[PDB]
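By convention in this document, chain letters (A, B, ...) are assigned in the order of the sequence lines, proteins followed by strands, and residues within each chain are numbered from 1.
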Amino acid sequence: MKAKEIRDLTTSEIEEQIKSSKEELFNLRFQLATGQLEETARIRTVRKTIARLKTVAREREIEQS
RNA sequence: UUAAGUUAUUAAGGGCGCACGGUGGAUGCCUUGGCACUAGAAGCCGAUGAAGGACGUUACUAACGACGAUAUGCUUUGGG
C-alpha cells in the first residue's frame, strides 16, 4: 500500500492497518522459520508498508502540533 | 711359442661446454593508491545528547559499506 492510500486512510484506520500488517509479518516470519514460505518478497513488502503507515502517522501528529 | 718393450680400453663418480626443464620473483610495461602544490570555498560539533564505538537490520548473511526496531531503509519536492 502506497503513501497516497495511506493518507486517504484515517488515523484509527492507520493504527488498525499497522496492527494487521505486523500480524501478517509475524506469520510470514513463522512460515519462513518452519520452511513453508516460498514467496519471500512478501516480508519486505509488508515491512515497507508498515514503515509507510508509521511515516504518515508521524506526519499527521507533527502537523497537528 | 717365449722374452723384452710400448700403448689402450674402463667412469663408480667428477670436470668443462651444450640442450631441455624446475624453482624463484628480479626486470620491462601498467595503475586502482600515494607525494608536493595552485585557485576558490569553508574553518567547528555537543544536554534538542557530540566525536567515537557496541549491537543489530537482507530470502539465504561470516565480512566491508549503507542503514537503525519505520533498520540492506520511509515521505516529499525536483532531475533522469
> North or south: where does the sugar of B:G68 fall when you read the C1'-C2'-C3'-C4' torsion?
Replying inline: south

> Roughly how far, to the nearest 0.5 Å, is NZ of A:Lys48 from OG1 of A:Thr55?
Replying inline: 10.5 Å

> Whole-Å distance between B:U76 P and A:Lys4 NZ?
Replying inline: 10 Å

> Should B:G40 and B:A41 be reported as a stacked step, that is, with six-membered ring centres less than 5.5 angstrom apart and planes less than 30° apart?
Replying inline: yes

> Is it true that the neighbouring bases B:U77 and B:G78 have six-membered rings whose centres sit under 5.5 Å apart and whose planes meet at under 30°?
Replying inline: yes

> How many angstroms lie between CG in A:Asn27 and CG in A:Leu32, if you round to the nearest 0.5 Å?
Replying inline: 12.5 Å

Set out, line by line, the N/O atom pairs under 3.5 Å between protein and nucleotides 77-80 of chain B.
none

> Stacked, yes or no: B:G34 with B:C35, six-ring centres under 5.5 Å, planes under 30°?
Replying inline: yes

Output a table of nitrogen or oxygen pairs between the protein and nucleotides 73-75 of chain B separated by less than 3.5 Å.
unit_1	atom_1	unit_2	atom_2	d
B:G73	OP1	A:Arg44	NH2	2.7
B:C74	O2'	A:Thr55	OG1	2.7
B:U75	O3'	A:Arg7	NH1	3.3
B:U75	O3'	A:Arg7	NH2	3.1
B:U75	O2'	A:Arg7	NH2	2.5
B:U75	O2'	A:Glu59	OE2	2.8

>> Going strictly by the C1'-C2'-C3'-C4' torsion (positive north, negative south), how would you label B:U48?
In response: south

> Taking the chi torsion of B:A69, is it syn (within 90° of 0) or anti (everything else)?
Replying inline: syn

>> If I compare all heavy atoms of A:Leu53 with all of A:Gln17, which pair ends up nearest, and what's the gap?
In response: CD1-CG, 3.6 Å

> Which whole-number value in Å describes the distance from A:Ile43 CD1 to B:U72 P?
Replying inline: 13 Å

> Between CG of A:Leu28 and OG of A:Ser21, what distance do you get to the nearest 0.5 Å?
Replying inline: 10.5 Å

>> My understanding is that only residues two or more places apart in sequence, or in another chain, count here; which of them pass side chain to side chain donor-acceptor pair (under 3.5 Å) with A:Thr10?
In response: A:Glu13

>> With rounding to the closest Å, how many angstrom separate the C1' atoms on B:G56 and B:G65?
In response: 15 Å

> Is the B:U57-B:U58 step stacked (ring centres under 5.5 angstrom, plane angle under 30°)?
Replying inline: no

>> Rounding to an integer number of angstrom, what distance separates B:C44 and B:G33 when you compare their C1' atoms?
In response: 30 Å

>> Are there runs of at least three consecutive Watson-Crick or G-U pairs touching RNA chain B, with each pair's two distances under 3.5 angstrom? Give them by first number.
In response: B:55-57 with B:66-68

>> Using the P atom as the point on both nucleotides, what is the distance between B:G49 and B:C64, in whole Å?
In response: 28 Å

> Given the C1' atoms of B:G46 and B:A50, what is the spacing between them in whole Å?
Replying inline: 4 Å

> Rounding to the closest angstrom, what is the interatomic distance between B:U2 and B:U7 at atom P?
Replying inline: 22 Å

>> What's the gap between B:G21 and B:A36 when it is taken at their P atoms, as a whole Å value?
In response: 49 Å

> If we call a positive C1'-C2'-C3'-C4' torsion north and a negative one south, what is the sugar of B:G49?
Replying inline: south

> Once you round it to whole Å, what is the distance between P of B:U70 and CZ of A:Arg58?
Replying inline: 13 Å

> A:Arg58: what forms a side chain to side chain donor-acceptor pair (under 3.5 Å) with it, not counting sequence neighbours?
Replying inline: A:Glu61

> Which whole number of Å gives the distance between the P atom of B:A11 and that of B:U6?
Replying inline: 26 Å

> For the atom pair OG1 (A:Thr45) and CG (A:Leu25), what is the distance rounded to the nearest 0.5 Å?
Replying inline: 11.0 Å

> In whole angstrom, what separates A:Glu63's CD from B:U76's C1'?
Replying inline: 13 Å

>> For the sugar ring of B:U70, does the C1'-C2'-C3'-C4' torsion put it in the north or the south range?
In response: south

> Is the backbone of A:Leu37 close enough, under 3.5 Å, to the side chain of A:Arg42 for a donor and an acceptor to pair up by distance?
Replying inline: no

> Looking at residues 21-42 of chain A, who's got a heavy atom less than 4.0 Å off RNA chain B?
Replying inline: A:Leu32, A:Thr40

>> Using 0.5 Å steps for rounding, measure from the NZ atom of A:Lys22 to the NZ atom of A:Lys54.
In response: 5.0 Å

>> Between B:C45 and B:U38, how far apart are the two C1' atoms, rounded to whole Å?
In response: 30 Å

> How far apart are the C-alpha atoms of A:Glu5 and A:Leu9, what are their side-chain angles, what is the distance that settles it, and do they pass the side-chain contact (heavy atoms from CB on, under 4.5 Å) test?
Replying inline: CA-CA 6 Å; A:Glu5 300 93 63; A:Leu9 296 174; 5.7 Å; no

> Closest approach of A:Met1 and A:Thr49, non-hydrogen atoms and distance?
Replying inline: N-OG1, 3.6 Å

> Which atom names give the shortest non-hydrogen contact between A:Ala57 and A:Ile14, and what distance separates them?
Replying inline: CB-CG2, 3.9 Å

> In terms of base orientation, is B:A42 syn or anti, with the syn window spanning 90° either side of 0?
Replying inline: anti

> Are the six-membered base rings of B:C74 and B:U75 less than 5.5 Å apart at their centres, with planes tilted under 30 degrees?
Replying inline: yes

>> Once rounded to the nearest 0.5 Å, what's the spacing between atom NZ of A:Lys19 and atom CD of A:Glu24?
In response: 16.0 Å

> Based on the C1'-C2'-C3'-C4' torsion angle, does the furanose ring of B:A66 adopt a north or a south pucker?
Replying inline: north

